[PDB]
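In: Give me coordinates for this.
(chains A and B)
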Amino acid sequence: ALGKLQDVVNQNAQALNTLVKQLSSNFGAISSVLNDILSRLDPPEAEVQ
Amino acid sequence: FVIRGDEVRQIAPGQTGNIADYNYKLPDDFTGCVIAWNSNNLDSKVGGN
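Out: Residues are numbered from 1 along each chain as shown, chains lettered A, B, ... in the order given. Structure as follows:
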């Protein structure tokens, strides 16, 4: 019966999870971590990714 | 200034090397023109210039 509320919660929570998971995607970059790119490439090269 | 032929590539935005790092560095957002011309007849001596 309470689904209408529970559902809502899940939706919001789901979105946040998705958002956070989007921090672990390459999007075409060499890596998904900014620190790794900065440490492994010079700024002129790193900025591209 | 005066450089050697192999270092001509170093005079450009987003370049690394001895000349770029320690002698003359151009900004990444550099706006202008680089003109390099051989000066062998002017800056070369038999005993070494």
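In: Near chain A, which residues of chain B? Just list them.
Out: Residues of chain B lying near chain A by C-beta under 8 Å from any C-beta of the partner chain: B:13-14, B:16, B:28. Any C-beta I mention is one placed from the backbone N, CA and C, and that applies to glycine too.
In: can you map out the helices along the chain?
Out: Because you didn't say which chain, this covers chain A. Secondary structure of chain A (DSSP state H): helices at A:3-21, A:34-40, A:43-46.
In: you looked at the wrong chain, it should be chain B
Out: Under DSSP H, chain B gives helices at B:18, B:40-43.
In: how many neighbours does residue B:19 have?
Out: 19 (other C-beta atoms under 10 Å in any protein chain shown).
In: contacting residues for it?
Out: By C-beta atoms under 8 Å, 6 or more residues apart in numbering or on different chains, the contact set of residue B:19 is B:3, B:7, B:10-11.
In: sorry, back to before: let me know which of the helices of chain B is tucked in deepest.
Out: helix B:18 (a mean of 10; mean count of other C-beta atoms under 10 Å in any protein chain shown).
In: still on that earlier bit, any chance of the residues of chain B next to chain A in TSV, with neighbour count and distance to residue B:40 too?
Out: TSV is the format used below for the residues of chain B next to chain A (neighbours: other C-beta atoms under 10 Å in any protein chain shown; distance: C-beta to C-beta, whole Å):
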residue	neighbour count	distance to residue B:40
B:13	15	27
B:14	15	29
B:16	12	27
B:28	10	32
